[PDB]
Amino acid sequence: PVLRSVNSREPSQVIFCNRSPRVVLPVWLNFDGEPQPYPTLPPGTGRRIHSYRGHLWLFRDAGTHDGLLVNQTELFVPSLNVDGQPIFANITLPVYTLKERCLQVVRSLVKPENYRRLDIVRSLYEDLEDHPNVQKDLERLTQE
């Protein structure tokens, strides 16, 4: 594949800092390019973790898998440390489109089996049923 961590074996110190109101799910793309879930971070918390150079990380909402930003981007790759200073991965809420934010709220209020009992266009049923997932966004990143 393309989006996959590199088995560098070069230690790199990182602080996952959750600066979002969401419960954050750290996801490590293993050397095969397959996402691997890691322990979650509650909102407003930070943990000093041990990763390695060239390893790919992405961050999601633990409950909804909504995409989150890290250091203003989507993918975070640790770099070699300098002066014993850790690398800060600042996880932040994106500025969602109004539509995507609307879909998030609706998805949390209506059971998925009852999406199609709402008074909306059929095109919105498909949008509501198109839940965010890591595999979806990896396809976008690989092709670019």
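Residue numbers run from 1 along the displayed sequence.
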| query | finding |
| --- | --- |
| Between the two ranges 131-139 and 16-24, the one averaging a larger CA B factor in the entry | 131-139 |
| Residue stretch of maximal mean CA temperature factor, 66-74 vs 115-123 | 115-123 |
| Criterion, highest CA B-factor; candidates, 90, 104, 85, 51 | 85 |
| Modelled-residue ranking by C-alpha temperature factor, third containing residue 80 | highest |
| Chain third (lowest, middle, highest) by recorded CA B-factor, residue given as residue 38 | middle |
| Within-chain third of residue 97 by Cα B-factor, per the entry | lowest |
